[PDB]
Amino acid sequence: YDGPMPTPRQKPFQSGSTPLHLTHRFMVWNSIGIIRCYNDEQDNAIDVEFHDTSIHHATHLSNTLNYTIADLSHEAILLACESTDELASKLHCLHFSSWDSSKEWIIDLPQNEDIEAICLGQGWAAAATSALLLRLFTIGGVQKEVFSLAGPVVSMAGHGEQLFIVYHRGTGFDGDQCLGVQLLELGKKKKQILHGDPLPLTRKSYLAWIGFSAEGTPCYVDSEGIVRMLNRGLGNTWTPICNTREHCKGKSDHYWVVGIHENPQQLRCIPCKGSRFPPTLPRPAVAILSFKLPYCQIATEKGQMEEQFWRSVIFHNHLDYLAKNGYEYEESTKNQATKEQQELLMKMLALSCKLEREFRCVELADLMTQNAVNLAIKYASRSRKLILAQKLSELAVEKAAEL
Amino acid sequence: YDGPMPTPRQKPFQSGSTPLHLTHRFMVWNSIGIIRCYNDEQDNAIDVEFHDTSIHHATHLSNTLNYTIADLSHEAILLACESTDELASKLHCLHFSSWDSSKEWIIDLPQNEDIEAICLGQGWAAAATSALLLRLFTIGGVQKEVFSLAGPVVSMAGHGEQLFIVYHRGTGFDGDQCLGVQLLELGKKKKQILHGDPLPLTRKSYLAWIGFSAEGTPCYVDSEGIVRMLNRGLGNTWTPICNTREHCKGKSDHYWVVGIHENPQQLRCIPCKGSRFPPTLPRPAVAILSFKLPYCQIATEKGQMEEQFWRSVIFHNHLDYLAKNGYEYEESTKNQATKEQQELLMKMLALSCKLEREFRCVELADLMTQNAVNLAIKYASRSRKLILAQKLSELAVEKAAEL
Amino acid sequence: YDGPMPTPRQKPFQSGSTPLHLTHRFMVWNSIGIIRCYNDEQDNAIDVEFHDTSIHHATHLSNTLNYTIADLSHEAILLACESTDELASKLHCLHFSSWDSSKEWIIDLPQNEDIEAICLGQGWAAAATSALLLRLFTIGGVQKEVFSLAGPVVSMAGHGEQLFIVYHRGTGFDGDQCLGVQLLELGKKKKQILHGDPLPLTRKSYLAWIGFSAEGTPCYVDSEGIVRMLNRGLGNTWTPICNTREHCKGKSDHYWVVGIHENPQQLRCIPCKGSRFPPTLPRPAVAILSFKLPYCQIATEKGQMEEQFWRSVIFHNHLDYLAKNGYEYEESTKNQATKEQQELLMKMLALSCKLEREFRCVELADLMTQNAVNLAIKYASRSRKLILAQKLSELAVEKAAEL
């Protein structure tokens, strides 16, 4: 027939890695460091580098078992290899931060089970296998819980107690993938935050990179340069926070995401001219792109301030998440966020007042604090906006009644 | 091959509209009013009518931008048009209920982004775009939050703070659609009630109409005349509440749903002979169909009363929803519902008692109030049903212990 | 084309039944009893047997209506038949445990609606029909709630107030099924525990058996012998608890699951040589297989004890479920479970201490009770593990601070 064709399911990958066929490739490049693998026919070597030299010294390994998957954190180095006709699939951990004399452990998966993806969390490690199993391990080598995956894994990321799994929930058509996300919190009270929700992607695009921001919010990038971030303040939906194609000059130009930071806001990525991944040598330079939510009429003052407001809102939801889970957060960052947002609301209200849009001013005042609304009432008494001042006063009464 | 064939995904639509190819078509017909579009080669006009003349005067617009999507509420008129080679896709709002002198605003979507569906809520508006984005706007023109859709939108509806999105979650086979529902509450505490649950449909049917009842419960109709309603009292499942094919006399006869009302119960729709949608002229007459849940042996007294009981139960769940969300509800309606249900239970218990089904009587008494159970005990002492009276007494003891 | 092919959706089935084409087949074989159907051209008979003769006497029925689906519980016998050109699809219940003189009821489904699956709960019965409807009935014959199914049903099971539905959520490819699970609790507070989550299956396998353990935990088996159980302590994920292929000697050997028991742990199944289901005559013998979670390096002492620990953890989650839902549970079973787990942790800590893996000892002590940690501190003071004793002491301080 001549209709929709099933899209081939994309293969699993480690975020921040370059393809396996390269002689000198990146196994992982994140906010902790870089892991490179030089593999020809004579020898196979793995080199580990840390951005902060104080964390650990440079580590060089002789890749005898031919490790093809790697992840790096401030605690350990995680390595994995598939099975051969003689050896089993192995998970290798270099626990360099351990305070004891045993800084290494390795485990063999059962017969005919191959590791397809790994990720490192805070004090734990996870491995998705060809048996549609997810195996949890402590950073010291204890086997934790095991559960089955609803489909073949695509990529896996970890941060703190959070586990971020993207897998094939179905079969897409006409170039589209059919991906689902399983988001778990592996603390003392186990929670499945997302029960295989559909992962939004740009049409005819595939998954290019997943992970967490340094502050601990799940994020991912598709092959069309669209960067999306979990919106905890919007029912755990996914909000686009950047479009790396706006910084590209041609079709063959791409950006290779390395890390995401919310405070200060910066998207650390490698500019790539001619391909989607940078060559290992010479050392590529990390670029810093700004985040921009895809808002309408962003060239106008209204659209510009509206984008700045909602970007400030979503990039400070992590403070509430750190508070709800007992983590440590700076109360000063929370206060600066509110002041930054109340200033943008106040400037947007003054703009709507100049445009004689007084109903819009009351809508903006609904997002304001009680102090900001009281200030907007006196600004409305000024400039002879008498009815607007009355509507704002009635809004201030309603806000005080909500307490 | 000769097997299952992929079903073509149905295109987005506005509920209560007639096809675009008509010279004189309905853009939207709901419980607020009617919006018609007359478009030939000479001129293009849009006419707005309100069922209640006291709400607003009849509005006539010169459709210069060729708006093809429309929605209507007691607050504003929402219009949208796709992009051309010279103009961008635009969202136009006629805020006629505004108390200020600015009763109009329009916004341009970014390049190559087209509006595919719109809907109006209480004080807000939403637009699903070709970029798989959902854009939220206040009724006054402020851009609110934005998040990505898991698939191409099919239809969109709003009521109060609730957002009702139906989209393609996959690809169906053999005439079946693969639809998912995302139900959000956009109040001060954002909630995603349904994380893309599968939307039940009749086999080989497509989505024909979605929306909310006047009381605020999500409902939808498929192409086979099956009307389904969210069952908040049954874990947010979907319960069939009507079958418009029972009122049709032939295959070519159809009913075109306009609105759904829970108190009093009535399904307002347009009878259509020969097609699925009514012609614009002459003005079609609104028919009132009754709701009937698809219960077994409904011709018998037992099945008839069982259908009346569960229809009364599901059509009063909205009272609990209005109470939990601080909305205003009549306590008298809640009391009349319970009295209506306790009377049906009492008549079903008397029927089971006549049939010497005393175990069934105790099952019916489990659904009764403590006062109704005490009354059933004295009715069981009467007519010499001594063991039944003892079982009902032990049930009354258990009910008092649950407090 | 030459690519992925759509997998034909498997047909609905009753767990514990043998195919319909057999002259003498099992309609259901569970922990309550056996129901056999002998059907040739001369006569059609249904025989009911109870494992405990004290429950009820053996029942013999003349299958005049040609019932093809059956389920059995300690309360009633449930039978169902499809519709013919003269008769409707019927649901028949033999309420043998009733304390009244009416121990039978039957109901007719509407025109062109056929029963596809049934299941028995505590005091209720459910039937999934060809109209994508789920109909609830009390054990005495009262019609309860009705809601629509997101797809064609595959199998259905019930236990207490829990309803376990597996259905087709999509179309799989290359031999894979696309199954979803809807898990409901039908008590006085209706809850949808699983909103159509994807059902994990072994690749290229179909669903072979579903049901609940005697303690009330959902479980299911695929065609590759993998037995999975709901992990309530792991965010309602699914954990493999057995692999019946490890007990098979050849490809043609299979195990036919009958029941699952958590305390004592035993998987009751019928060994089958040459086919997937046992012949009705002679009476097959019920085998008892042990549960084994698929852990790595299970031949080693570490892997063996780690498997025993997590098997003990998951097979005692039902005690917490019985407690949260007011059910009756033995506090002695909960105490024996903790003692069994603290002993395994203590032996694993002593093993890690012998291997000079002191960081791993602290990880194991995190899973210990406060008394077990205090004991591990004195064991660490012994054998001159001074730093380990300090780390365990700081862990004991942190545990006391969590109260």
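Residues numbered from 1 in each chain as written, not as in the entry; some residues may be left out. Chains lettered and ligands numbered in written order. Part of a larger assembly, values for the part shown. Heavy atoms only, no water.

With 40 residues of chain A in contact, the opposing surface of chain B contributes 43 residues. Both sides of the chain A and chain B interface together cover about 3500 Å² of buried area, and 58% of this is carbon and sulfur. Among the ionic pairs, B:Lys188 bridges to A:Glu402, the shortest N-O distance being 2.7 Å. On the surface where chain A and chain B come into contact, there are 21 residue pairs in polar contact. Where the side of chain A that touches chain B is concerned, the elements lending two or more residues are strand 16 (191-198), strand 20 (237-243), helix 1 (301-314), helix 4 (358-366) and helix 6 (386-401) of chain A. If one sorts the elements of the side of chain A that touches chain B by residue count, helix 4 of chain A sits on top with seven residues. Its residues placed into classes, the side of chain A that touches chain B shows 19 nonpolar, seven polar and 14 charged. (Contact = heavy atoms within 4.5 Å. Buried area = accessible area lost by both parts, 1.4 Å probe. Salt bridge = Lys/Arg side-chain N within 4 Å of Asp/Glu carboxyl O. Polar contact = N/O pair within 3.5 Å; in protein donor to acceptor, adjacent residues only side chain to side chain. Helix = DSSP H or I, 4+ residues; strand = E, 2+ residues; numbered from the N terminus. Nonpolar A, V, L, I, M, F, W, Y, C, P; charged D, E, K, R; others polar.)

We now examine the sheet that holds strand 21 (residues 253-262) of chain C. Across a sheet, paired strands are connected by hydrogen bonds in the backbone, their directions being either parallel or antiparallel. Residues and elements named next belong to chain C. Strand order in the open sheet formed by three strands is 21-22-23, and the pairing between neighbours is antiparallel. Two strands in the sheet have a free side with no partner beyond their single neighbour: strand 21 and strand 23 (287-289). Strand after strand, the sheet turns through a mean of 35 degrees between neighbouring axes, direction not considered. Relative to strand 23, strand 22 (residues 265-273) runs antiparallel, the two sharing three bridges. (Pairing = 2+ DSSP bridges. Axes fitted to C-alpha atoms, helices over the stretch in contact; angles between N-to-C directions.)

Another aspect to go through is the relation of the copies chain A and chain B. When chain A is fitted to chain B, the best match, at an RMSD of 0.0 Å, comes from turning it 120 degrees and sliding it 0.0 Å along the axis. With respect to symmetry, the two chain copies, as superposed, fit the operation of a three-fold axis. In terms of proximity to the rotation axis, the leading residue of chain A is A:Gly170, whose C-alpha is 4.4 Å off the axis. In this assembly the copies use different faces: only 8% of the residues contributing to the interface of chain A also contribute to that of chain B. (Least-squares fit on C-alpha atoms.)

A few words on the interface of chain B and chain C. Across the boundary between the two partners, chain B contributes 40 residues, which contact 43 residues of chain C. In total, about 3500 Å² of surface goes out of reach between chain B and chain C, with carbon and sulfur atoms giving 59% of it. Together, B:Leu234, B:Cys296 and B:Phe359 form the three largest contributors to the area buried by chain B at its contact with chain C, with a combined 18%. Scanning the region where chain B abuts chain C turns up one salt bridge. Inspection of the chain B/chain C interface yields 21 residue pairs in polar contact. Listed by contribution, the elements that provide at least two residues to the side of chain B that touches chain C are strand 16 (191-198), strand 20 (237-243), helix 1 (301-314), helix 4 (358-366) and helix 6 (386-401) of chain B. Residue contributions to the side of chain B that touches chain C peak at seven residues, all from helix 4 of chain B. Looking at the side of chain B that touches chain C residue by residue, the class counts come to 19 nonpolar, seven polar and 14 charged.

This part covers the packing of aromatic side chains. Aromatic ring pairs are described here by two measures, namely the spacing of the ring centres and the angle between the planes. Per the counting criterion, the structure on display carries 39 aromatic pairs over all chains. Considering the side-chain rings of A:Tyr1 and B:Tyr1, the 6.4 Å spacing of their centres and the 80 degrees angle between planes classify their relative orientation as edge-to-face. Taken together, the residues A:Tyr1 in the segment before strand 1 (24-29) and B:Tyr1 in the segment before strand 1 (24-29) connect one chain to another. What makes A:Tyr1 partly exposed here is its relative accessible area of 40%. Ring centres 5.3 Å apart and planes at 75 degrees place the aromatic pair A:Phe50 and A:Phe96 in the edge-to-face group. Of the two residues, A:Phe50 sits in strand 3 (residues 44-50) while A:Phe96 sits in the loop between strand 7 (90-94) and strand 8 (105-108), which places them 46 residues apart along the sequence. Of the two residues, A:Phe50 and A:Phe96, neither departs from the other in class, the shared state being buried. Among the aromatic residues, ring-to-ring pairing joins A:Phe164, A:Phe212, A:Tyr220 and A:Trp238 into one connected group. (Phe/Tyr/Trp six-rings, centres within 6.5 Å; stacked < 30°, edge-to-face > 60°. Buried < 20%, exposed > 50% of the residue type's maximum accessible area, 1.4 Å probe, protein only.)

So, about the sheet that holds strand 12 (residues 143-148) of chain B. Residues and elements named next belong to chain B. What the four strands build is an open sheet, ordered 9-10-11-12; its pairing is antiparallel. In the strand order of this sheet, the two ends are held by strand 9 (115-120) and strand 12, each with one partner. Between one strand and the next, the sheet's axes are offset by a mean angle of 20 degrees, whatever the strand orientation. Summarising the sheet, strand 9 and strand 10 (residues 124-129) pair through five bridges and their orientation is antiparallel. Bridged to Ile115 within strand 10 is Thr129.

Time to look at the relation of the copies chain B and chain C. In the superposition of chain B on chain C (RMSD 0.0 Å, axial shift 0.0 Å), the rotation amounts to 120 degrees. Interface overlap between copies is the fraction of interface residues in one copy that are interface residues in the other; for chain B against chain C it is only 8%, indicating separate surfaces.

With that settled, the discussion passes to unusual backbone geometry. The residue after A:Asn263, namely A:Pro264, is reached through a cis peptide bond having omega 0 degrees. Along the polypeptide, A:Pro264 turns up in the loop between strand 21 (253-262) and strand 22 (265-273). In this model, A:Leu281 is joined to A:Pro282 through a cis peptide bond whose omega is 0 degrees. Structurally, A:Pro282 can be placed in the loop between strand 22 and strand 23 (287-289). Residue A:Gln297 is not a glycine yet carries a positive backbone phi of 50 degrees. Along the chain, A:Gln297 falls in the loop between strand 23 and helix 1. Even without a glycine there, the phi angle at B:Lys204 is positive, about 60 degrees. Mapped onto the fold, B:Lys204 is located in the loop between strand 16 and strand 17 (207-212). Owing to a relative accessible area of 48%, B:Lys204 belongs among the partly exposed residues under this scheme.

Right, let's talk about a nonpolar patch on the surface for a bit. Nonpolar side chains collect at one region of the surface, where A:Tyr1, A:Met5, B:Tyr1, B:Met5, C:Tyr1 and C:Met5 lie side by side and expose about 550 Å² of accessible area between them. Counting through the fold element by element, B:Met5 comes out in the segment before strand 1. (Patch = residues over 30% accessible without salt bridge, like charges linked within 9 Å, V, L, I, M, F, W, Y side chains within 5 Å. Areas by Shrake-Rupley, 256 points an atom, 1.4 Å probe, with all protein chains shown as cover.)

In this section: the state of the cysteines. Tallying each qualifying case throughout the model produces zero disulfides over all chains. The structure places no disulfide on C:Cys81, whose sulfur is separated from the nearest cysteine sulfur, that of C:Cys37, by 12 Å. A residue is classified by how much of its surface remains accessible, and C:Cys81, at 3% relative accessible area, is buried. Unpaired in terms of disulfides, C:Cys178 finds its nearest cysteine sulfur in B:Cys178, a separation of 7.8 Å. Residue class for C:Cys178 comes out buried when judged on its relative accessible area of 9%. (Disulfide = S-S within 2.5 Å.)

The next point concerns the packing of helix 4 of chain A against helix 6 of chain A. Residues and elements named next belong to chain A. At a minimum axis separation of 10 Å, helix 4 and helix 6 run at an interaxial angle of 20 degrees. Classified by the interaxial angle, the pair formed by helix 4 and helix 6 is roughly parallel. Here helix 4 and helix 6 pass one another in a crossing that is right-handed. On helix 6, the residues that touch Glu358, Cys361, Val362, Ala365 and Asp366 of helix 4 are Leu388, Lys391, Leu392, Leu395 and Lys399. A per-class count over the contact of helix 4 with helix 6 returns six nonpolar, no polar and four charged. (Parallel < 35°, antiparallel > 145°, perpendicular 65-115°, else oblique. Left-handed = near helix turned anticlockwise from the far one by under 90°.)

Below, the discussion takes up the pattern of salt bridges. All names here are of chain B. A full pass over the atoms with the stated rule returns 39 salt bridges over all chains. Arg283 is the partner of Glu49 in a salt bridge, and the nearest nitrogen-oxygen pair spans 2.5 Å. With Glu49 in strand 3 (residues 44-50) and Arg283 in the loop between strand 22 (265-273) and strand 23 (287-289), the pair connects residues that are 234 residues apart, well separated along the chain. Here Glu49 falls in the partly exposed class, since its relative accessible area comes to 26%. Given a relative accessible area of 46%, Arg283 falls into the partly exposed group. Where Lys385 meets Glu358, a salt bridge forms, and the shortest distance between an N and an O atom there is 3.4 Å. Within this pair, whereas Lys385 is found in the loop between helix 5 (370-381) and helix 6, its partner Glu358 is found in helix 4, the two being separated by 27 residues in sequence.

Residues and elements named next belong to chain B. Their axes nearest at 8 Å, the elements helix 5 and helix 6 cross at an angle of 165 degrees. Accordingly, the angle class assigned to the pair helix 5 and helix 6 is roughly antiparallel. You can see that helix 5 and helix 6 cross each other, and the crossing is left-handed. For the pair helix 5 and helix 6, the contacting residues are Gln370, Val373, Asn374, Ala376, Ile377, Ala380 and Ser381 in the first and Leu386, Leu388, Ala389, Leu392, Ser393, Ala396, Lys399 and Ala400 in the second. Class assignment for the residues of the contact of helix 5 with helix 6 results in ten nonpolar, four polar and one charged.

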